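Undergrad: Have a look at this one before I ask anything.
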Amino acid sequence: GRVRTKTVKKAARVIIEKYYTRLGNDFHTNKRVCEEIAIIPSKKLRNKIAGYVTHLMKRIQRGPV
Amino acid sequence: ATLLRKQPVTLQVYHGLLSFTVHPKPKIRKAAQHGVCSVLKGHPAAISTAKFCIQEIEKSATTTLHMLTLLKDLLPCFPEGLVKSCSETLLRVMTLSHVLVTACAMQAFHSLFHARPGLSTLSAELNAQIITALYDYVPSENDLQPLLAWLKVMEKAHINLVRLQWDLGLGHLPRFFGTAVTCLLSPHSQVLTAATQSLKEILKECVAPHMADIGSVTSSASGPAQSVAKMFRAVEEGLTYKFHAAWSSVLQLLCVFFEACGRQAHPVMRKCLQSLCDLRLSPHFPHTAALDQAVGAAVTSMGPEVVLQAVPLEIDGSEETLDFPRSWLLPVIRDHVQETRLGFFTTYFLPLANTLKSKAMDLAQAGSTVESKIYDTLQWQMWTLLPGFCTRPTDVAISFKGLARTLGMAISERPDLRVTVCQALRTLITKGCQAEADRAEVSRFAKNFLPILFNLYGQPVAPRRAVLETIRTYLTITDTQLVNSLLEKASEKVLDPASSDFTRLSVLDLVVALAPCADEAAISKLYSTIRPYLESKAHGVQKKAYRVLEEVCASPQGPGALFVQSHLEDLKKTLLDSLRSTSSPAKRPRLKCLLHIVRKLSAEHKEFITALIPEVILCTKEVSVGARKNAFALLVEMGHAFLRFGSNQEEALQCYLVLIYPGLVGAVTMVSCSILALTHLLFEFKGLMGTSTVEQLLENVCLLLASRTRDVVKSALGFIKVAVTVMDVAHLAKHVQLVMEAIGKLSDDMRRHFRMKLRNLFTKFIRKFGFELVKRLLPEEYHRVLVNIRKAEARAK
Amino acid sequence: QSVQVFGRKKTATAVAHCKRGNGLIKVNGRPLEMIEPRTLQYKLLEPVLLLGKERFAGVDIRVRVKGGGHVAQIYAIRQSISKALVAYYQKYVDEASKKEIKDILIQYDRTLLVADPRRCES
RNA sequence: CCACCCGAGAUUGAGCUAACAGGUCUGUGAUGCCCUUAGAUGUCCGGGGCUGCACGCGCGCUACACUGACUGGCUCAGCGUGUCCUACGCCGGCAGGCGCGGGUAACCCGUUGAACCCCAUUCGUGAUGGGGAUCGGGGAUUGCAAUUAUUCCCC
């Protein structure tokens with residue numbers, strides 16, 4: 001199957017705790033603000049970050065975690 | 001025992017059989033006991049044996065246990081007065097302090113109440129007298145041996161009493177509910193579990209089926225409704241600060257009572273909601289999920305109007321602080337509204353949403369971006385409730401008119417909410433067109449929502465696929481003439497040369513959506529228009545054309561099926577002619593279309609399938625995983641289709657195989673194609689294809705195990721794994737050595753790369769046979785891998 | 001009309017069956033004064049002697065006694081008798097009377113109502 | 001986790017017997033020495049000993065008693081057991097035999113019928129009837145065999 005990596009976990013936690021305000025629900029808007037925010041090496045890591053943060057903003061906006 | 005079971009002096013023989021129960025030999029006593037039980041259950045002799053019961057119990061310290069075992073085995077087959085007298089005898093013997101005789105007596109009561117005796121054996125008055133006579137014991141709270149079976153026997157007795165006369169049973173139930181709540185204070189978890197299970201079973205079987213006969217209960221009820229309210233106040237006073245340990249069980253009991261009784265118990269049920277809301281205000285509450293489930297069950301039973309009259313939302317417009325204490329109510333309402341009215345949703349949640357959105361925008365334009373985000377998230381949360389309200393509305397025939405223009409404007413100019421609105425529409429349809437006036441209203445507004453949804457899907461950039469699924473179902477529920485009109489307009493837009501490629505693709509997607517919902521003439525005209533498009537050099541146009549052909553052939557009944565049986569010859573000719581010029585993505589829908597014409601293919605069609613075979617195998621090794629899945633499903637489908645063209649299934653399967661056998665001879669990628677096809681076929685047609693024939697194919701695979709290409713070796717390893725899984729160990733044992741010899745002399749690099757497949761194969765072989773045989777017949781290095789498998793078999797245990 | 005309680009002490013358990021009777025306290029078929037440890041016979045009579053003869057006129061208590069020794073035995077019997085009186089006056093008689101007798105019993109000796117929680121340690 | 005729409009791609013290809021201190025144990029040397037009617041405890045047969053006893057260091061049991069000992073009566077448990085654990089009757093001072101049943105076990109032993117303790121009799125401050133060793137005779141089991149007392153019972 002497929003599993004999320006721990007570096008993606010910690011980077012997305014940093015993004016959530018830092019700039020949740022400009023983040024939203026759309027995938028591409030989250031991806032572009034994510035590539036705007038941080039120091040970023042790779043495309044695939046960015047896309048994994050964007051997908052994970054989009055899914056967890058689908059999660060946490062229903063209720064706190 | 002046999003003689004008396006098969007058949008004045010007979011009473012003497014029965015007395016002689018009965019009188020030696022008290023014989024001290026454990027083997028004689030058990031034989032006599034089983035004989036008496038077989039004679040009675042295989043009756044005019046019940047009075048005599050019950051009199052013997054009472055007499056020689058009253059004469060009697062070890063025979064009482066045996067005699068109570070017979071009473072356990074024989075209480076249902078007794079007359080009513082003798083049941084009463086034996087019950088008095090059991091009370092007289094549990095007046096003593098002995099644990100064993102009390103346990104045997106209560107087990108006898110368990111067997112008596114469990115068998116559900118008729119009116120001749122146990123009456124309602126006698127059941128009530130026995131039940132009320134059992135209330136004197138309850139030694140303490142925490143003995144844990146007699147208490148569980150104690151409330152079990154009057155659980156069964158209360159079930160029987162409700163079954164005999166329901167009003168008296170419901171009348172006497174709530175004081176037992178109060179005693180159950182009282183004995184939920186026990187320090188043992190088994191007492192709590194037994195009480196919870198007993199009260200849950202009583203509520204589900206004795207109270208729930210009589211939900212309509214009781215009717216609505218208020219604070220001034222008279223009959224069994226008062227009893228309903230009074231075990232409600234028992235289980236609600238079981239929520240106080242005395243417990244702190246049974247709160248999960250009490251919440252489960254509250255949840256099942258809400259599901260059982262809420263719709264008519266709503267006037268008295270409010271203070272329980274207030275107390276439940278007050279419990280969630282605790283600093284550290286570990287039963288948050290259970291309380292949320294209980295409140296969700298209450299909302300599901302009643303509906304949010306009375307819940308919000310009881311526990312109101314404090315997010316009504318302008319608030320002072322920023323910590324909403326009842327913000328869990330909106331997820332509860334979203335997750336658990338299923339059978340409410342849509343008019344409440346309109347008249348309560350529309351102006352409040354408008355005011356919160358206006359306040360959020362006014363605060364966002366004023367600089368404060370923290371409160372505005374909270375208000376926007378709140379209004380999004382409270383208007384995700386619409387799919388919940390669209391689950392099963394009871395007034396959607398009159399309240400859907402009040403939301404049509406609102407939902408049209410919201411799906412037009414409010415993008416962030418659009419998906420939910422689409423979902424709501426889909427949700428409504430998927431479970432709301434059961435009646436006919438409802439579906440008529442949905443069609444009457446469908447004629448208005450269709451241009452809006454078409455313009456939404458056709459705009460440039462957006463959630464296109466949710467709108468497309470909504471359009472698909474929403475057009476399956478509408479009238480055919482407007483479908484024909486919009487299909488004609490979409491065909492005009494497609495055939496217009498002054499349209500861009502994105503617009504052309506969007507209108508082709510609309511054609512895909514409109515295709516299965518039209519009539520036979522419109523479908524035939526659309527098929528005539530789309531038929532020249534199958535040879536287009538653009539992969540997108542061919543993909544949409546093949547999707548149209550798949551969608552018109554997808555419906556098992558309707559105008560599409562009549563179109564298929566009308567134009568099967570032309571469809572076969574066109575699909576065989578367009579085989580050469582099909583693009584790589586277009587393979588994925590086309591196979592499905594071929595799938596959609598294999599399941600209803602007549603006997604005189606072998607040439608079509610035997611011409612489609614190499615395309616299907618080359619699609620089993622296509623790039624797209626969806627094309628591979630469709631090709632495997634199509635292989636299974638034509639394998640099933642050849643099982644209908646002849647009388648012998650095995651011979652037809654052999655013909656189907658010799659139609660695909662030469663594919664192991666040609667190109668290397670075609671060889672891997674055919675090995676993968678045989679691997680997929682071996683898992684579906686395991687024994688019917690014939691074990692010896694399997695062996696032959698297996699031998700050929702060993703020759704293909706000698707190939708240089710990695711793909712052929714991988715496919716051969718997969719086939720060997722499937723064969724080891726499928727074909728029998730007795731037939732394996734003749735052919736273990738040859739296949740494992742072919743594995744052994746593979747290569748160094750091939751063994752190193754494919755180490756996990758060989759490891760799994762050796763694991764399966766060692767599991768299915770002896771370790772020493774595979775150890776001996778393999779070469780040296782493989783031995784090491786072999787021995788590792790052993791600790792799996794050692795340490796998976 | 002009747003209650004069944006128990007009194008525990010170490011291992012000894014004495015089950016008291018209390019009924020509206022005629023003023024007889026029966027312990028395993030024997031009265032209170034004819035139990036063998038006559039040196040320790042006052043403890044068995046402390047509820048009866050302390051609380052008076054008056055409202056025991058219509059109480060029949062049958063005590064079935066099993067286990068333990070002799071001292072723990074008679075203590076279990078006396079605590080079962082006291083708990084039987086408390087339970088009977090809780091169930092069929094008013095609340096204030098049983099509260100009063102509980103207050104008097106706790107004022108005299110705590111073990112007359114609650115059992116000794118310590119037992120033989122392994 | 002499954003399936004599906006869109007999408008070219010929802011997973012198509014390359015690289016990764018070796019290492020262990022993670023456990024632990026008797027296979028490969030034409031291995032160095034020392035021995036082999038000086039058997040690295042050679043097999044069996046018969047009888048003894050491990051208890052033997054002047055003495056020291058110590059674990060324990062019984063006591064020195066009157067809050068006791070004897071006699072009779074009284075009434076209360078649990079951990080465990082068994083095909084050798086025993087229920088019943090007879091012959092028995094008495095250990096024990098004889099005829100019979102159960103139990104491969106919350107069942108039959110076994111409500112495990114305990115003992116100090118209690119209630120009555122006698123003894124009455126002395127090497128006493130306390131305390132019991134060490135010896136002398138008989139009897140009965142256990143065992144191929146009780147002599148260097150196996151064990152128990154009666155003076």
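Letters for chains follow the order of the structure tokens (A, B, ...), residue numbers begin at 1 for each chain, and ligand numbers begin at 1 in the order shown.
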Mind checking which residues fall within 10 Å of stretch 110-125 of chain D, counting only C-alpha atoms (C1' of nucleotides), ignoring those fewer than 5 positions away in the same chain, and posting them as a ChimeraX atom specification?
TA: /B:61-62,98 /C:36-40,66,69-71 /D:66,69-78
Undergrad: Show me, as a list in words, every residue of chain D with an atom at most 12 Å from chain A, counting only C-alpha atoms (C1' of nucleotides).
TA: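 Taken together, these residues fit the definition: residues 1, 10 and 11 of chain D.
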Undergrad: Give me, please, the distance in Å between atom CA of residue B:1 and atom CA of residue B:38, quoted to one decimal.
TA: 7.1 Å
Undergrad: Once you count only C-alpha atoms, which residues of chain B turn out to be within 8 Å of chain A? Could you give them as a PyMOL selection string?
TA: chain B and resi 328+331+369-370+373+377+381+416
Undergrad: Any idea what the distance is between atom CA of residue B:41 and atom CA of residue B:73?
TA: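 Distance between the two atoms: 10.0 Å.
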Undergrad: Starting from chain D, keep only residues with some atom at most 10 Å from an atom of chain B, counting only C-alpha atoms (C1' of nucleotides), and report them as a ChimeraX atom specification.
TA: /D:4-12,15-17,101-102,106-108,111
Undergrad: To test your reading of the structure, identify every residue in chain A that backbone DSSP assigns to alpha helix (DSSP H), and report it as a PyMOL selection string.
TA: chain A and resi 6-19+27-37+43-60
